[PDB]
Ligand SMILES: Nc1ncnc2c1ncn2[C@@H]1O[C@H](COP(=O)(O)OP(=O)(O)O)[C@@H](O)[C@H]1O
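Next up is one chain by itself, shown in structure tokens, the form deposited without adenosine-5'-diphosphate.
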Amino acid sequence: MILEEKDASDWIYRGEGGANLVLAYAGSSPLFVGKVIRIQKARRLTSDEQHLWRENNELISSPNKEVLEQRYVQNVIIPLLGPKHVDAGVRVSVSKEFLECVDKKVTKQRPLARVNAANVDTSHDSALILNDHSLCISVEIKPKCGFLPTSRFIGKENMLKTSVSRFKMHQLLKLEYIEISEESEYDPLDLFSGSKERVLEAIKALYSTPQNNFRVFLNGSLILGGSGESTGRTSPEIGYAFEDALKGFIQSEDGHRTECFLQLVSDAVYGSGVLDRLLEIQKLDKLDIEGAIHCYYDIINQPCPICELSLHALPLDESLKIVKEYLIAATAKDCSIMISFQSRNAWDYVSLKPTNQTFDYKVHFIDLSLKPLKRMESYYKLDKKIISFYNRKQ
């Protein structure tokens, strides 16, 4: 396997983040049918991190960020969340001339949002081939953190943290900085509750105010939510079009499909059990950032600007493990959930009782980033800004 210039006519632009481009397969080859390709963009491990991750040697010995992320997903994440819901991808060889071709294609096809985005990195010789999770109604949920901290290291001035989800508090700061059109009714505690009624309530809230937490795809094309944490509450107009976009797929009368869809997503999520395993990893944040931040300053060997005498007394081994676990928690807190459906016709699944319909589903965790050690400082600063603002507004 080696991709090159004539193969580049087989891939269409799908999307991108800050670091990677995603192209979908448009060709015919039984090899890449239902596959996407992840290509590194140009930009322009540290020893501490190498010391922090020393346990997993392959990770520290990775020659580039692509390999680093794959092995983090494969070697650190998969043992925690299980292979069933995580696709780490298959590395493929790529030629410089393939990449140079993809470059020209991306600059011509990128949406307006992305017209000045970074070039493809043409020095690279590898890309990642992954299953297309959109291929089918696809539902992407960014759930955020689903528990309330109880930590001893949370001081008396910050006690609302013990009472009010980090998400709900953040909404107020977002609304202050004019980043959202209004407060979302979504509560992660509901979604992670293990309660059927509460999950459905969460899904309805996500549908109503998607922000950047709820997107729905038809065959990989956005039919709800999308670019705009800033885009507002689902309007009559948007609601109506979405209802119609569901026609044929959900077999109910005009106007009733949306409610069946929401039920379907709710049943899939609760049924799958995927939130429980995710919640466990979020809870690898055992101390709260207000605890874990002290351990951080002991790893980078610097006086602590926060000072918790006992956290600084720990042996180095135990500090490394705590930050390590916080950082893995941070992956789980910031990942997304992709639920893919297809309807069975009369000739893992969910049923709708009024419809008499059946739906295959698959669930994957996506967006599983390795968090750089240094980010602890910004984890702390954001945390301090969130609570003081909520405190100030109470």
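Quick note: we count residues from 1 along the sequence shown, nothing fancier.
Keep in mind that the form solved in complex with adenosine-5'-diphosphate is not shown, yet the notes after this line are about it.
Participant: Label the site open or blocked after overlaying adenosine-5'-diphosphate from its pose in the entry with it bound onto the shown form by the C-alphas around the site (blocked when 3+ ligand atoms sit within 2.4 Å of backbone or C-beta).
Facilitator: Site status open, zero atoms under the 2.4 Å cut.
Participant: Between the options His85, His124, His133, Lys204, which residue brings a heavy atom to within 4.5 Å of adenosine-5'-diphosphate in the entry with it bound?
Facilitator: Comparing distances to adenosine-5'-diphosphate in the entry with it bound, the residue within 4.5 Å is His133.
Participant: Though adenosine-5'-diphosphate is not shown, can you say which of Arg71, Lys324, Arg215, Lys168 has a heavy atom within 4.5 Å of it in the entry with it bound?
Facilitator: Filtering the options by heavy-atom distance leaves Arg215.
Participant: Could you tell me which of 354-362, 59-67, 33-41, 46-54 sits within 4.5 Å of adenosine-5'-diphosphate in the entry with it bound, going by non-hydrogen atoms?
Facilitator: Looking at the other structure, the answer is 33-41.
Participant: State yes or no: in the entry with it bound, is some non-hydrogen atom of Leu373 no more than 4.5 angstroms from a non-hydrogen atom of adenosine-5'-diphosphate?
Facilitator: Close contact is absent here: in the entry with it bound, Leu373 is far from adenosine-5'-diphosphate, nothing within 4.5 Å, heavy atoms only.
Participant: Might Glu140 be said to contact adenosine-5'-diphosphate in the entry with it bound, defining contact as any heavy atom within 4.5 Å?
Facilitator: Although adenosine-5'-diphosphate is absent here, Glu140 would touch it in the entry with it bound, with heavy atoms inside 4.5 Å.
Participant: Is there a heavy atom of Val350 lying 4.5 Å or less from a heavy atom of adenosine-5'-diphosphate in the entry with it bound?
Facilitator: No, no contact at 4.5 Å.
Participant: Going by a heavy atom distance of 4.5 Å, is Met338 a contact of adenosine-5'-diphosphate in the entry with it bound?
Facilitator: Looking in the entry with it bound, residue contacts with adenosine-5'-diphosphate include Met338, since a heavy atom lies within 4.5 Å.
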